[PDB]
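To start, the structure itself, in structure tokens.
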Amino acid sequence: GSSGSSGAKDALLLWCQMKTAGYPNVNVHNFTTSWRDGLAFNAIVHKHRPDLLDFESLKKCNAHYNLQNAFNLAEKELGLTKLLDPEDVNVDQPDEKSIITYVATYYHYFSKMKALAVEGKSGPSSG
């Protein structure tokens with residue numbers, strides 16, 4: 001029982017889906033059993049910076065690591081605040097609300113850069 005396309009966390013869900021699409025293994029269908037493994041996160045970055053990590057080297061078995069690595073790499077390179085952990089998220093049915101918030105940063109952040117925008121931020125600076 002479902003028609004058309006309804007939902008609030010769609011704009012984002014679609015974003016990750018489009019990017020992740022590049023890879024077959026990587027698939028963003030939901031916001032719970034999609035980031036539990038880790039690849040998902042290791043798929044968004046690699047896309048922007050294939051240097052940071054080597055998806056090819058990564059494996060679709062280990063999560064605890066694939067998670068911490070992604071959270072770290074970004075928490076260091078990009079400079080995002082680790083809101084979640086590679087152990088907290090890794091679960092049968094994690095809190096989609098606790099994840100959507102994190103992944104939301106990847107979109108906003110990257111978006112800030114040279115890209116389409118309307119009535120947004122003037123991107124401040126300091127240094």
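By convention here, the chains of the structure tokens are called A, B, ... in the order presented, each chain's residues are numbered starting at 1, and ligands are numbered starting at 1 in the order presented.
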Original post:
segment 54-71 of chain A: which residues within 12 Å, counting only C-alpha atoms, same-chain residues fewer than 3 positions away excluded, as a ChimeraX atom specification?
Top reply: /A:20,22-26,34-47,49-51,74-91,99,102-103,105-106
**OP:** Mind checking which residues fall within 12 Å of residue 122 of chain A, counting only C-alpha atoms, ignoring those fewer than 6 positions away in the same chain, and posting them as a list in words?
**Re:** residues 112, 113 and 114 of chain A
Could those residues be written to a file, using N, CA, C and O atoms, as a PDB file, in the first residue's frame?
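Dumped everything to part29.pdb:
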```pdb
ATOM      1  N   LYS A 112      28.141  23.565   0.042  1.00  0.00           N
ATOM      2  CA  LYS A 112      28.688  24.899   0.265  1.00  0.00           C
ATOM      3  C   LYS A 112      29.642  25.291  -0.859  1.00  0.00           C
ATOM      4  O   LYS A 112      29.567  26.397  -1.391  1.00  0.00           O
ATOM      5  N   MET A 113      30.537  24.376  -1.214  1.00  0.00           N
ATOM      6  CA  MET A 113      31.503  24.625  -2.277  1.00  0.00           C
ATOM      7  C   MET A 113      30.808  25.126  -3.540  1.00  0.00           C
ATOM      8  O   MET A 113      29.586  25.264  -3.574  1.00  0.00           O
ATOM      9  N   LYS A 114      31.595  25.396  -4.576  1.00  0.00           N
ATOM     10  CA  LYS A 114      31.055  25.882  -5.839  1.00  0.00           C
ATOM     11  C   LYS A 114      29.967  24.947  -6.361  1.00  0.00           C
ATOM     12  O   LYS A 114      30.260  23.900  -6.939  1.00  0.00           O
TER      13      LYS A 114
END
```
Original post:
How far is it from atom CA of residue 31 of chain A to atom CA of residue 100 of chain A, in Å with one decimal?
Top reply: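 Answer for the atom CA of residue 31 of chain A to atom CA of residue 100 of chain A separation: 6.4 Å.
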**OP:** Within 6 Å of segment 9-19 of chain A, counting only C-alpha atoms, which residues show up once you throw out same-chain ones fewer than 2 positions away? Write them as a ChimeraX atom specification, please.
**Re:** /A:7,21,28
